[PDB]
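Top line first, the protein sequences correspond to chains A and B. Add 773 to a position in the first sequence, counting from 1, and you land on the number used in the working numbering. Add 9 to a position in the second sequence, counting from 1, and you land on the number used in the working numbering. Note that the Cβ used here is the ideal one computed from N, Cα and C, for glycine as well.
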Amino acid sequence: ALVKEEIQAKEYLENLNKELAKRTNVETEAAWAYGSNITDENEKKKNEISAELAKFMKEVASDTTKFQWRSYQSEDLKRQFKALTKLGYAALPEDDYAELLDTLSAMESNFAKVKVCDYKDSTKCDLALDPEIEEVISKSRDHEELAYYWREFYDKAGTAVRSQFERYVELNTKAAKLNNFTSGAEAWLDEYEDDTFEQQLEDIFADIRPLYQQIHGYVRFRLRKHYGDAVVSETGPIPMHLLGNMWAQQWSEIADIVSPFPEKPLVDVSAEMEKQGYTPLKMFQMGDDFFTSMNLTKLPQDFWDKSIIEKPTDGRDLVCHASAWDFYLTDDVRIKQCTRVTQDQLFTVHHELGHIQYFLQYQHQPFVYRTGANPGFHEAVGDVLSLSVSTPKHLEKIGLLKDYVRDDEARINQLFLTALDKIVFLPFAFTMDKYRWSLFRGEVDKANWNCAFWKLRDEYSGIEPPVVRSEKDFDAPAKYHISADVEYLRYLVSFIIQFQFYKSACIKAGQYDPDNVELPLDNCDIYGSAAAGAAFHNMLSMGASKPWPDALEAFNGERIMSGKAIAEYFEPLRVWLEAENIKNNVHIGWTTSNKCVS
Amino acid sequence: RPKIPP
Ligand SMILES: *[C@@H]1O[C@H](CO)[C@@H](O[C@@H]2O[C@H](CO)[C@@H](O[C@@H]3O[C@H](CO[C@H]4O[C@H](CO)[C@@H](O)[C@H](O)[C@@H]4O)[C@@H](O)[C@H](O[C@H]4O[C@H](CO[C@@H]5O[C@H](CO)[C@@H](O)[C@H](O)[C@@H]5O)[C@@H](O)[C@H](O)[C@@H]4O)[C@@H]3O)[C@H](O)[C@H]2NC(C)=O)[C@H](O)[C@H]1NC(C)=O
Ligand SMILES: [Zn+2]
């Protein structure tokens, strides 16, 4: 009978969860070792442990069919069993799983091993993306130098892994279908537990898109004045290499040349950080201080003992794209970041420490619940703090921003600077997964794969390669997440919902009142707020124990993902910018790019 | 898997 079975099932889950945590710890350790120190030996070790865990998961998924779990009374037990049926890549036959893992490490290690030659010195060929190439892309205003580094990087990080990427798509699709999803797109989307999730995002993106187009138009206008019309056209897509970022995903590095009021203050605390002798250690300690100030959890000793917070100085290869790691025991959580002393990096630190906080908050949950309410929730946590960290209010408090007068013009500068990060990124984030979804779904013929990438980047972001590309090139894997098979929709979700969290935390902190000119949303600091911390504790402690609308409700009483809060934040910018574009007769929109030959 | 910046 079912009553006796459900009692037995509860006991089964309790034991299995603990076993899965312990086994995942072993896999995670091998993965950590590889990412910290890329060698053939560590690759082999990483992949063989995973093959072993995959085999164990196969038996787990099989064993779930012996339980009448869909018949149970307990929603909680049913939810746990459903999680256990989700094999993902582990559904693949033994040999196919091994080949997929070999394919994934080939791509990630290619990306991590990219070195290019100095633009001025063709014999100095040890320049890595992090930090050498990214430093040029962010600081250089020599358009030909920028174009050189763009071409060198994309050729090496993208084109070199076309064959591997093709095999990856094949095996991703096979895995998805073995789980009875149509493709890897539906597999990814399953994480959001909502059959209208794509439409919901389209609707929100459509509401914010006009604001993006104003920002795009104004930026293009200002770039024309800086570089001249031979480099930037009025009516064409923006050459992406001028936007201060290798993927043009965020444009804040060119704020000094595109800011609304060049004679009024523009926040850039990097120089002050260096002057005051800031170190990566100090930056992480400050992040820790922020969380504890909100009555949230202090970083445990294991974090300080085991983390890598600086790029190693030996000869070794490693992945420098920052990462936060949960080892599924108690208090064993780590970051690996190749930390630099900059304002932008200060944000990355808080962003990554948001993951660590999430790990600690839900570590008491059953193994299957020890993850985010949805992938977007995990990415949002640290960004809510970074929003506060970025305010003139907070930066003055900590002594990094000096002699700042917050008049109307400085406010517009700060709003525009934030938008160069937060609004600009939305079409970018959407295209990363629209591209991969279309490949997963079999909607693009292999002969059209590269220009299908650039077509999306054009349609949505209005940017283009600095040079003519073709199907001889393969540019998508030049983005880390694409080489490393990390879903990107999480970030689109995050950038929307982080404003819902931020607005609510700010209200709870007494830091925001729409009817009070002294408390604007764009100058809210939640540092020290126990009330904001209480909301985070309520939501984060839940892990994945309930569907994500329940986790949002626990934070602020709402159940719906909404673009209202992000629009509210930027409304004063929208009003000013619409008027400023009209004032300057700024052309809005772009013609179809000529930069990918079919 | 590890959680990473955009
Ligand atoms: C993705 O979708 C796939 C379908 O597209 C799906 O694959 C199906 O899974 C079924 C298992 O759930 C499986 O069904 C079994 O079929 C056996 C015979 O099938 C053979 O002949 C077919 C041709 O006619 C071939 O195509 C197959 O390849 C097979 O060779 C049956 O013998 C078997 O039965 C037994 O099991 C049921 C148990 O069912 C439940 O359990 C309790 C038991 O206490 C019942 O009380 C309860 O009511 C419930 O029915 C018993 O009822 C029965 O007595 C037998 O013991 C079973 O029906 C099917 O073959 C398989 N393929 C296809 C093509 O249908 C995948 O599972 C999906 N994958 C994922 C990850 O979800
Ligand atoms: Zn992240």
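With the criterion CB distance below 6 angstroms from any heavy atom of ligand 1, the matching residues run A/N952, A/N953 along the chain. A/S1159 is classed as buried because its beta carbon has at least 16 other beta carbons within 10 Å across all chains shown. Of all residues, those with a beta-carbon under 6 angstroms from at least one heavy atom of ligand 2 are A/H1124, A/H1128, A/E1152, B/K12, B/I13, B/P14, reported in chain order. In this structure, A/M1312 is the residue among A/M1312, A/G1316, A/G1336, A/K1337 with its C-alpha nearest to the C-alpha of A/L1325. Distance from the CA atom of A/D968 to the CA atom of A/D1156, rounded to whole angstroms, is 27 angstroms. From the listed residues A/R843, A/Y1000, A/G861, A/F1057, the smallest Cα separation to A/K855 is found for A/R843. Non-local beta-carbon contacts of A/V1259 in its own chain, meaning distances under 7 angstroms to residues more than five positions away in sequence, are absent. Within the segment 1118–1141 of chain A, contact with chain B at the beta-carbon level (separation under 7 angstroms) is assigned to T1121, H1124, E1125, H1128.
For A/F1198, the closest Cβ of chain B is nearer than 8 angstroms. DSSP places A/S936 inside the alpha helix (DSSP H), whose first and last residues are 935–951. A Cβ-Cβ contact shorter than 8 angstroms links A/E800 with A/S823. Check the Cα spacing between A/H1137 and each of A/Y985, A/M1315, A/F884, A/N953: the tightest is with A/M1315. Classified as exposed, A/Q1074 has fewer than 16 neighbouring CB atoms from the shown chains inside 10 Å of its CB. A straight line joining the alpha-carbon of A/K1281 with that of A/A1304 spans about 6 angstroms. Collapsing the DSSP output to three states places A/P904 in a helix. Using a Cβ-Cβ cut-off of 8 angstroms, A/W1098 counts as an interface residue toward chain B, since at least one Cβ of chain B sits closer than that to its own. Exclusion of the five residues before and after A/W1227 leaves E1237, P1238, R1242, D1248, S1366, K1368, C1369 as the residues of its chain whose Cβ lies within less than 8 angstroms of its Cβ.
Assignment of alpha helix (DSSP H) within the segment 1031–1103 of chain A, counting only whole runs of 4 or more residues, yields 1043–1048, 1053–1066, 1074–1079 in chain order.
Going by beta carbons, A/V887 and A/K929 fall inside the 8 angstroms limit. With respect to the 8 angstroms criterion, A/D1206 and A/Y1285 are not classified as neighbours on the basis of their beta carbons. At the C-beta level, A/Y1233 and A/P1200 come within 8 angstroms of one another. Interface with chain B (8 angstroms Cβ-Cβ cutoff): A/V799 is excluded. The Cβ-Cβ distance between A/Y1300 and A/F1063 falls below 8 angstroms. Spanning the alpha carbons of A/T896 and A/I1185 requires a straight line of approximately 45 angstroms. Looking from the CA of A/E821, the closest CA among A/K859, A/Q1130, A/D868 belongs to A/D868. The DSSP-derived three-state label of A/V889 is strand. If you check each beta-carbon in the segment 1255–1271 of chain A against every beta-carbon of chain B, the ones closer than 7 angstroms belong to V1259, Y1264.
Going by C-alpha positions, A/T1115 is about 26 angstroms away from A/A1278. If you draw a 10 Å sphere on the C-beta of A/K1252, you find 16 or more other C-beta atoms in it, and that means buried. Taking 8 angstroms as the threshold, the shortest C-beta distance from A/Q1116 to chain B does not fall below it.
With a contact defined as Cβ atoms closer than 8 angstroms, A/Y1135 and A/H1151 miss out at about 10 angstroms. Residue pairing by DSSP places A/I977 opposite no residue, since no beta bridge is assigned to it. Comparing C-alpha distances from A/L1091 to each of A/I811, A/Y1264, A/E848 shows the shortest one belongs to A/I811. Within the segment 1168–1215 of chain A, complete alpha helix (DSSP H) segments of at least 4 residues are found at 1181–1195, 1198–1213, given in chain order.
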